[PDB]
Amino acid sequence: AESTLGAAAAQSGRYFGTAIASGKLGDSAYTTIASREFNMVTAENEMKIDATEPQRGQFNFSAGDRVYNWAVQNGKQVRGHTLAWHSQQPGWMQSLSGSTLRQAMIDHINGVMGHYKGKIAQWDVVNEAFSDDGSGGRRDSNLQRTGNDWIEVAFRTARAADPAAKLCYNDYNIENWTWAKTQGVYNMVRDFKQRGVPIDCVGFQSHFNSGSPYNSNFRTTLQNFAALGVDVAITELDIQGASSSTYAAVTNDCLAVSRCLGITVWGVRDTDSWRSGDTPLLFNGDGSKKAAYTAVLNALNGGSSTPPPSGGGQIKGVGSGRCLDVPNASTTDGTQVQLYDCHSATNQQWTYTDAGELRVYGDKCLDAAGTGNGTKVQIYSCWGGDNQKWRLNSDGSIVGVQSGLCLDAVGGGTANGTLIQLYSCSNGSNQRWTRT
């Protein structure tokens, strides 16, 4: 299939997953999206240290199993997250250090993997062991202070506890090859492979924002690690601003590296995100697909063989030959758009932004004042509303994110002056458009 992320990803032998929060599984809107779109699941917090071993020697898998049960019940595989980490440690562990901490770490790994033995596709055995100071050294934590060999020990312990699981090292800010952190993790994984330390994969969290922006060299980073003899996976993907282009670039980088197993986005809806303020996911608050969703799906399906109209560009309806035109090149908010013979005039030059807007005049946005059929499509000052965002489906249609309705040439008209509206998508030619 090529209508859902999971199925689409499956076409390249890859998976596409998300992070599930057990407390949200009772929300039908949430489960409807999660069950339909993803074939891989990571427990957002339920399989972490504090959640699985609340008191020393006392393991608890109720929260984890709620996530796990839902995943397999809906045909999804599971990534275990996470066994050894400096963050979210229960209180009893935070007060530990030295050999006592080292053995507790080992005991924890054995306890959790044993419970899920043979049920987990991948395990993030160790998470965020490297520093962000910019030196590429080890993060200064209670775990690292027990000895530099703690990571190696964690992996050897894991392989023995469940030899069927892929053992991954997971971390963030290791996507840009030029960053010292990236090279530090590289050198470690390389040392591991050379000495026989058990490690099958490297997880790239991929938490992209203006602080740590995506960079095209992410592909070389993936290639480099792949070349060490380990699989790579994008494990916690989310992009501040949810740029359509950035989301597509990440998708293509993974599909460009044969060893990239798949892509997991850290959440379902922006409102579910640990950083909802960055509206970084593929679905918005009310559960509708965002422009980035379409871009990701299209990339997974191979995309197209016609370079997207970078900056400016007309939109012509295949069923009329007329171009999306703004009546007499007006810049008056509330002006309903129309169909008109194509010509080189700004009032016909539309830019599809990475945020999903169709801009004209540089600061006016294609706007819908309503969500029902017959809603007049117009121009209005750009402010980022969902009624100003659109998805350009590969089938040639342009759907409104908020409405879920398609741009429709009223009454299937085709003569100049034909007004544009929103209407239940119909493969009709009065709803298909071509970039130029």
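Only the largest set of C-alpha atoms that superpose within 1.5 Å between the two forms is called the rigid core. Numbering starts at 1 and runs along the sequence shown.
The stretch that strays farther, by root mean square C-alpha distance over structures and residues in 6 other deposited structures of this protein after a rigid core fit, is 88-96, when 88-96 is set against 245-253.
The records show that residue 310 is omitted from the coordinate set of at least a third of the other eligible entries of this protein.
The PDB entry records a higher mean C-alpha B factor for 326-334 than for its counterpart among 326-334 and 271-279.
The mean Cα B-factor in the deposited entry runs higher for 346-354 than for the other of 155-163 and 346-354. The maximum CA B-factor among the listed residues 67, 40, 398, 51, taken from the PDB record, is found at 398. Note on the listed residues 12, 22, 18, 426: the highest Cα temperature factor in the record is that of 426.
Ranked by C-alpha B-factor against the other modelled residues of its chain, residue 79 falls in the lowest third. Sort the chain's modelled residues by C-alpha temperature factor and residue 47 lands in the lowest third, per the entry. Per the PDB record, residue ranking by Cα B-factor puts residue 34 in the lowest third of the chain. The entry lists a Cα temperature factor for residue 382 that places it in the middle third of the chain's modelled residues. When all modelled residues of the chain are sorted by CA temperature factor, residue 247 is found within the lowest third.
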